[PDB]
Amino acid sequence: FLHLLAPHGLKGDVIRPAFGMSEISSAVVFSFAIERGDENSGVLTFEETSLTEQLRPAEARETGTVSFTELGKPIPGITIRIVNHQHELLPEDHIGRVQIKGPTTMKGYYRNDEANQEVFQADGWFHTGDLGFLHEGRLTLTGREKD
Amino acid sequence: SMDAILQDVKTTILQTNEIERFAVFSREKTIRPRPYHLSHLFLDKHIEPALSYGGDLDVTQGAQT
Amino acid sequence: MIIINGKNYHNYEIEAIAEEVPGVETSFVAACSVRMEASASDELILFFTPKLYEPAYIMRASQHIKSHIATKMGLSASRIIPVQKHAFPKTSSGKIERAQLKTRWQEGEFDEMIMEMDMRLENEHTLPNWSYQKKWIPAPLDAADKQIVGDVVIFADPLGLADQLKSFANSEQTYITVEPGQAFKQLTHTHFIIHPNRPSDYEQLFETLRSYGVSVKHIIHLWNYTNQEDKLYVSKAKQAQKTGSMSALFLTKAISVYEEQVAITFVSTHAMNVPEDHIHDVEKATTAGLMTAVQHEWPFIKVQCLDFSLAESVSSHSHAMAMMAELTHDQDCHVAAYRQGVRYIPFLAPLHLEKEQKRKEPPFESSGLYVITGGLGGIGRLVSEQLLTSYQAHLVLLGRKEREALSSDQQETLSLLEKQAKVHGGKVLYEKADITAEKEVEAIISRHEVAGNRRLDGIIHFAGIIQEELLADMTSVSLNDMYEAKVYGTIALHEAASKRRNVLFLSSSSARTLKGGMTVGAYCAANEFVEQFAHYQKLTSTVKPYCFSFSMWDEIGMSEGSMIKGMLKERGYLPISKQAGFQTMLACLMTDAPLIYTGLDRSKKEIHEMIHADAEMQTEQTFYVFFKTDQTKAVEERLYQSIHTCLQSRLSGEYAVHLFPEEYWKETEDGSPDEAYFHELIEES
Ligand SMILES: [Ca+2]
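Chains A, B and C, in that order, give the protein sequences. Numbering (the numbering used here) for the first sequence: 1 to 147. Numbering (the numbering used here) for the second sequence: 1001 to 1065. Numbering (the numbering used here) for the third sequence: 2001 to 2685.
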């Protein structure tokens, strides 16, 4: 996109990743490091072998690695963490269910209680269901649930 | 004298009356020195996040409705 | 009810299923649980009483239970603790006082036998007894009616031993004497001069002797039969090689091509350090250490080295007299040492770490200054990780390349240590440096001695390359490329440690040096020095050395593409893992033993012949008994003691009774014992 429209005056870092749901009132992170010349800026490459364990960075390969674009740091006013299958906090590099908390969280589904029990388990910490890791303090999504 | 021993053991197995038939044979084998137990040499004491905040937000500035 | 991660089980079922297992006394079983300080889950601790209190019967059932739980119930028992019947606690009402056993076990009544079980299975608590020392033992020579029959070449000494030996020659043999000098010069047909370091002059010597018709059948190499010099710089180390260990290479290479039988005999002075000897010219050890690979690569070349001491003895056993005797006598052992007119050969003896212990924890100071060579190697890291976590040490790592030119595999294993040090309060630096330069070392150490106001606390010297190379293709640089780390480097490091007090010195070697090996002359040659060096330090300086010569590493790969290098295992050289070995080092470090060979199976013959040589191995007779009783009166205990009492003082050896439950006995039809099923069981055991 950037290389094909560059001659028409679009600057290279205009792109702005953002991950937002309806329940959270839209985006909750923003990535600013997406340059035309630099395809790795804001792009994390890892070995497919380490997806279950601590991700191991890797080189650009056609079969054996995976690239994840960094969405960025939580927005001013909220906090994000990730949890394991037992709802415990995870280490820096391990993949987990993304859980988000802040003043932007909805009141709750209208006329639907058991859905509330799943989403904000305890202390209003909302279960997005999206699986992703939180590296360097800047969230980086890996994949949504069941998608 | 080796099989003579084997025989005197069978007669010893008959000393016990509660047993009424049995079988016994011997093997010669080389020994491998017994290991140590770590407790015998070593001392006791030797034998023994992803949560990001985006920065505070000033929600009380501007329109509340 | 007892709980494990994911599900909970009723203890009545666990114990009931365990009572099916043969040997389990009915109604004497217990099931508990405990979260260790890991708190990651709850483990099943299981007690029981055997119908026989003897580890063979116990170990037999302990396994059978542990598996029967995994089969029928879907989980395995963490530990299984045997307990005698007469001490199994029950109430009058038949209730099993379970919570008492747990509390009685944390106190460790069953420690005594839970260890004896760990030992028999060689558990994570095993620490195998596989470490020995070289002990110089007397072995005299037999009478020898054989005499020397051949023309002999002899590289003459400057002290006069050569002169002595010639006077003994029989009237038929011609003695060709060779002295060292600037280059080849034939003075006569029986007197020559060669450059010890030039290989041509060796093959040219023999070539011109083949012409004159002299059939060379014996070579005598008195060229490191020198007089003592006390200074030991590196030059003296490099320089002594060419008149010695290198010369031995060139000389053997030369005479090897004729493919004719010949009896070479090297002669040293102060090359081997035995007890009561106050001089040790250790630079001479490489000679004797390289020739180990000869008899393996050129079977027609018999070799035996001798070491004498010029510590004044008024010809109590003239060196000449002993020299002749060893020549006439069937060359048996490679190296031997005459010290006071007494022949000694090196034997192995077990270390017995416990009984010889002189210290309860490793001798590393807390935040001490420690310099390390090849700390990025597989075995170096293990020691560097330790000295950074358990101890918070200021580490300086010396490599030969520069940081930027390191292997990408190394730069990572270093950053790991840099991070792993920052979080444990230790420091870790790396510096390119010439390990060989005396002065460059004192300069680099002094600098780190002032940064932290600590004086050097120890040197750990694991640097080393390996090249499997045959004497045929072994260039003069092949050796000097080997010696760079394990000799010339070692001497520079010791040059610093000797200027301080009680510095620790760790050294890696190999056990191949014991019996020699094909295509490893370079290795054996240098390692025979590093081993002999520890003794030089204990005799010369304040330094306190520990040298571990290992049998094998798993670093050479368990596949290796040659699983026939594991055949070397079959002669008794076990592979040792990092932990297994690292643990050994610590155990030994607590013993003051300066040189220690580890990874040796005293069962296999090659090793056994190195510890005793003459006495045969020790056998242990093991009887196997099988059962069929009328009633149900458990006679196991009554019977075991009955058999053991028949064997008392009547075998003259090492015996042991092994008993089987009733419910293994089987009978073939026609009324005979099913012997096929028994002989099958004894092996599966
Ligand atoms: Ca039973």
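The C-beta atom is built at its ideal place from N, Cα and C for all residues, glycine as well.
TODO: Find the nearest neighbour of C:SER2603 within the set C:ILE2596, C:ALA2593, C:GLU2620 and C:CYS2588, judged by alpha-carbon distance.
DONE: For C:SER2603, the nearest C-alpha among the options comes from C:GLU2620.
Open item on the list: Using CA atoms only, rank isn't needed, just tell me which of C:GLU2669, C:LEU2651, C:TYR2664 and C:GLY2671 is closest to B:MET1002.
Closed with: Nearest option by C-alpha distance: C:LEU2651.
Open item on the list: Let me check you understand the geometry: is the CB of C:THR2026 closer than 7 angstroms to at least one non-hydrogen atom of ligand 1?
Closed with: Ligand 1 approaches C:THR2026 closely enough that one of its heavy atoms is under 7 angstroms from the residue's Cβ.
Open item on the list: For B:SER1052, would you say it is in contact with chain A, using Cβ-to-Cβ distances shorter than 8 angstroms as the test?
Closed with: Output row for B:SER1052: interface = yes.
- [ ] Measure the CB-CB distance between C:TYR2132 and C:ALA2349 and report whether it falls below 8 angstroms.
- [x] In this structure, C:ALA2349 lies closer than 8 angstroms to C:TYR2132 by Cβ.
Task: Given 8 angstroms, three or more beta-carbon pairs between the region 2337 to 2355 of chain C and the region 2418 to 2436 of chain C - done: Judged by Cβ distances under 8 angstroms, the region 2337 to 2355 of chain C makes no contact with the region 2418 to 2436 of chain C, as fewer than three pairs qualify.
Open item on the list: With a threshold of 7 angstroms (Cβ to nearest heavy atom), would C:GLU2019 be considered close to ligand 1?
Closed with: Checking every heavy atom of ligand 1 against the Cβ of C:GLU2019, one is found closer than 7 angstroms.
- [ ] Would you tell me roughly how many angstroms separate the C-alpha atoms of C:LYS2439 and C:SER2235, rounded to the nearest one?
- [x] Straight-line Cα distance between these residues: approximately 13 angstroms.
TODO: With distances taken Cα to Cα, identify the nearest neighbour of B:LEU1057 among A:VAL98, A:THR52 and A:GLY102.
DONE: Minimum Cα distance to B:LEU1057 is reached at A:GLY102.
Open item on the list: Using the three-state DSSP reduction, which class does C:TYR2664 fall into: helix, strand or coil?
Closed with: The answer is helix: DSSP assigns C:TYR2664 an H, G or I state.
TODO: Within its chain, find whatever has a CB closer than 8 angstroms to the CB of C:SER2509; leave out the 5 residues flanking it on each side and keep chain order.
DONE: Correct list, in chain order: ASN2527, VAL2530, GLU2531, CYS2547, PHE2548, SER2549 and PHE2550.
- [ ] Report yes or no: do the region 2310 to 2320 of chain C and the region 2244 to 2252 of chain C share at least 3 C-beta pairs separated by less than 8 angstroms?
- [x] Short answer: they don't touch.
Task: Span of the alpha helix (DSSP H), counted from its first residue to its last, around A:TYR109 - done: Here A:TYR109 belongs to no alpha helix (DSSP H), and DSSP marks it neither H nor E.
Task: Contact belief for A:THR45 with A:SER67 at Cβ below 8 angstroms, rounded distance in angstroms - done: A:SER67 and A:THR45 do touch by the CB rule: their CB atoms are close to 5 angstroms apart, below 8 angstroms.
- [ ] Under 8 angstroms between beta-carbons, which chain B residues line up against C:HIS2125? List them in chain order, please.
- [x] For a Cβ distance threshold of 8 angstroms, residue set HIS1037, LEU1038 and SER1039 of chain B lies close to C:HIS2125, ordered along the chain.
Task: Range covered by the beta strand (DSSP E) that runs through C:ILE2643 - done: Premise fails: C:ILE2643 lies in the alpha helix (DSSP H), 2636 to 2646, not in any beta strand (DSSP E).
- [ ] Please report how far the alpha carbon of C:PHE2168 lies from the alpha carbon of B:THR1030, in whole angstroms.
- [x] Straight through space, the alpha carbons of B:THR1030 and C:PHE2168 are spaced by roughly 49 angstroms.
Task: Selection from C:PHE2505, C:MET2617, C:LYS2135 and C:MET2113 that minimises the alpha carbon distance to C:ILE2345 - done: Nearest C-alpha to C:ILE2345: C:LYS2135.
Task: Top-ranked residue by Cα proximity to A:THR63, from A:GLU47, A:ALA18 and A:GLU53 - done: Nearest neighbour of A:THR63 by Cα position, chosen from A:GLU47, A:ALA18 and A:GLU53, turns out to be A:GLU47.
Task: Where A:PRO7 sits in the DSSP three-state scheme - done: DSSP places A:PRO7 in the helix class (H, G or I) of the three-state scheme.
Open item on the list: Please list, in chain order, the chain A residues whose beta carbon lies closer than 9 angstroms to that of B:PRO1049.
Closed with: Neighbours of B:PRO1049 on chain A, chain order: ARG81, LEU89, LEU90, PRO91, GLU92 and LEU134.
TODO: Give every residue of the same chain whose Cβ lies closer than 8 angstroms to the Cβ of C:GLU2116, excluding the five residues on either side of it in the sequence, and list them in chain order.
DONE: Counting only Cβ-Cβ distances below 8 angstroms, and skipping sequence neighbours, we find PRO2055.
Task: Delimiting residues of the beta strand (DSSP E) encompassing C:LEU2159 - done: First-last for C:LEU2159: undefined, no H or E at that position.
- [ ] Classify C:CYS2524 as buried or exposed, calling it buried when 16 or more other Cβ atoms lie within 10 Å of its own Cβ.
- [x] It is buried - the Cβ of C:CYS2524 has at least 16 other Cβ atoms within 10 Å.
Task: Exposure of C:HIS2394, with buried meaning 16 or more beta-carbon neighbours within 10 Å - done: That one is buried.
TODO: Put A:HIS135 into one of helix, strand or coil per three-state DSSP.
DONE: When secondary structure is reduced to three states using DSSP, A:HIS135 falls in the strand class.
- [ ] Measure the C-alpha to C-alpha separation of B:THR1011 and C:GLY2653 and round it to an integer number of angstroms.
- [x] Cα-Cα distance, rounded: 22 angstroms.
Open item on the list: C:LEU2479 and C:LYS2253 - do their beta-carbons sit closer together than 8 angstroms?
Closed with: Taking 8 angstroms as the Cβ cut-off, C:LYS2253 and C:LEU2479 do not qualify as a contacting pair.
Task: C-alpha gap between C:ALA2463 and C:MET2482, whole angstroms - done: Rounded to whole angstroms, the gap between the alpha carbons of C:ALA2463 and C:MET2482 is 11 angstroms.
Task: C:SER2672 burial status per 10 Å Cβ neighbour count (16 or more: buried) - done: Label assigned to C:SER2672: exposed.
TODO: Tell me whether the beta-carbon of A:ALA18 lies closer than 8 angstroms to the beta-carbon of A:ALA27.
DONE: Yes.
Task: Segment contact flag, the region 127 to 135 of chain A with the region 90 to 97 of chain A, C-beta cutoff 8 angstroms, min 3 pairs - done: These segments touch.
Open item on the list: Within the continuous alpha helix (DSSP H) that includes C:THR2584, where are the two ends?
Closed with: For C:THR2584, the enclosing alpha helix (DSSP H) covers residues 2578 to 2589.
TODO: Using a threshold of 8 angstroms, state whether the C-beta atoms of C:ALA2433 and C:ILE2444 are closer than that.
DONE: Closer than 8 angstroms, so yes.
- [ ] Return the first residue and the last residue of the beta strand (DSSP E) that C:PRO2138 is part of.
- [x] First-last of the beta strand (DSSP E) with C:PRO2138: 2131 to 2138.
Open item on the list: I'd like to know whether the C-beta of B:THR1030 is nearer than 8 angstroms to at least one C-beta of chain C.
Closed with: B:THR1030 counts as touching chain C.
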